[PDB]
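These notes concern the structure reproduced below.
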Amino acid sequence: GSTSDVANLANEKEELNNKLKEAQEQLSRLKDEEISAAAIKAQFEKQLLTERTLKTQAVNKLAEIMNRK
Amino acid sequence: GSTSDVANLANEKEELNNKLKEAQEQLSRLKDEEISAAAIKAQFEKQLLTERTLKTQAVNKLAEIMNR
């Protein structure tokens with residue numbers, strides 16, 4: 001009757017709510033990671049610009065010395 | 001009264017089913033976004049190695065030339 005129906009539905013709501021909360025905590029940790037990925041990407045883009053620049057400096061100076069006569 | 005409460009509880013269960021499904025799908029989306037991002041990490045890492053390597057080869061050949 002209504003009494004065991006209530007008992008069972010209150011239990012399922014508690015179970016689902018708990019699983020939902022766990023899911024939303026995961027999503028939130030992941031959302032914080034996606035923001036911290038944007039900063040790491042920018043850092044990588046910077047390091048790459050820098051490495052490229054240093055590479056061209058070395059390559060060009062080597063070509064220049066090899067071309068010296 | 002009690003029978004109304006049961007009807008309302010069933011709807012509230014169903015809505016929680018919906019929210020959890022939505023979250024679990026969102027989690028699958030954010031999951032393969034961690035796969036794409038880590039494949040971008042590895043791509044950046046390869047490019048960085050390549051640039052540093054060409055840099056270091058040029059440096060070392062130039063040093064050898066300058067040192068007679």
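In the structure tokens, chains take the letters A, B, ... in the order shown, each chain's residues start at 1, and ligands count up from 1 in the order shown.
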Based on only C-alpha atoms, which of the residues in chain B come within 6 Å of chain A? I want them as a PDB file with N, CA, C and O atoms, in the first residue's frame.
ATOM      1  N   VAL B   6       2.541   9.353  -2.862  1.00  0.00           N
ATOM      2  CA  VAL B   6       3.161   8.323  -3.672  1.00  0.00           C
ATOM      3  C   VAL B   6       3.323   8.795  -5.124  1.00  0.00           C
ATOM      4  O   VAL B   6       4.374   8.601  -5.705  1.00  0.00           O
ATOM      5  N   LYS B  13      11.351  10.733  -8.134  1.00  0.00           N
ATOM      6  CA  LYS B  13      12.320   9.656  -8.565  1.00  0.00           C
ATOM      7  C   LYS B  13      12.679   9.729 -10.017  1.00  0.00           C
ATOM      8  O   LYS B  13      13.858   9.649 -10.406  1.00  0.00           O
ATOM      9  N   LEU B  20      20.504  12.374 -13.070  1.00  0.00           N
ATOM     10  CA  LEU B  20      21.680  11.494 -12.965  1.00  0.00           C
ATOM     11  C   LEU B  20      22.151  11.060 -14.342  1.00  0.00           C
ATOM     12  O   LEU B  20      23.360  10.988 -14.592  1.00  0.00           O
ATOM     13  N   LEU B  48      57.879  20.252 -28.910  1.00  0.00           N
ATOM     14  CA  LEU B  48      58.862  20.916 -28.057  1.00  0.00           C
ATOM     15  C   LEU B  48      60.188  20.175 -28.152  1.00  0.00           C
ATOM     16  O   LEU B  48      61.238  20.795 -28.388  1.00  0.00           O
ATOM     17  N   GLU B  51      61.808  20.965 -31.507  1.00  0.00           N
ATOM     18  CA  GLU B  51      62.451  22.271 -31.552  1.00  0.00           C
ATOM     19  C   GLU B  51      63.736  22.289 -30.713  1.00  0.00           C
ATOM     20  O   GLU B  51      64.748  22.834 -31.156  1.00  0.00           O
ATOM     21  N   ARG B  52      63.707  21.696 -29.521  1.00  0.00           N
ATOM     22  CA  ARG B  52      64.874  21.750 -28.660  1.00  0.00           C
ATOM     23  C   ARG B  52      65.994  20.961 -29.289  1.00  0.00           C
ATOM     24  O   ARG B  52      67.161  21.299 -29.139  1.00  0.00           O
ATOM     25  N   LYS B  55      67.526  22.811 -32.120  1.00  0.00           N
ATOM     26  CA  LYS B  55      68.360  23.847 -31.455  1.00  0.00           C
ATOM     27  C   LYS B  55      69.707  23.266 -30.983  1.00  0.00           C
ATOM     28  O   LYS B  55      70.758  23.801 -31.292  1.00  0.00           O
ATOM     29  N   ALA B  58      72.209  22.174 -33.758  1.00  0.00           N
ATOM     30  CA  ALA B  58      72.835  23.340 -34.377  1.00  0.00           C
ATOM     31  C   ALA B  58      73.918  23.909 -33.466  1.00  0.00           C
ATOM     32  O   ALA B  58      74.969  24.269 -33.928  1.00  0.00           O
ATOM     33  N   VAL B  59      73.633  24.000 -32.178  1.00  0.00           N
ATOM     34  CA  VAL B  59      74.576  24.527 -31.171  1.00  0.00           C
ATOM     35  C   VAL B  59      75.860  23.655 -31.166  1.00  0.00           C
ATOM     36  O   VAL B  59      76.998  24.161 -31.180  1.00  0.00           O
ATOM     37  N   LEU B  62      77.891  23.935 -34.328  1.00  0.00           N
ATOM     38  CA  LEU B  62      78.530  25.258 -34.374  1.00  0.00           C
ATOM     39  C   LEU B  62      79.726  25.262 -33.402  1.00  0.00           C
ATOM     40  O   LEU B  62      80.817  25.718 -33.763  1.00  0.00           O
TER      41      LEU B  62
END
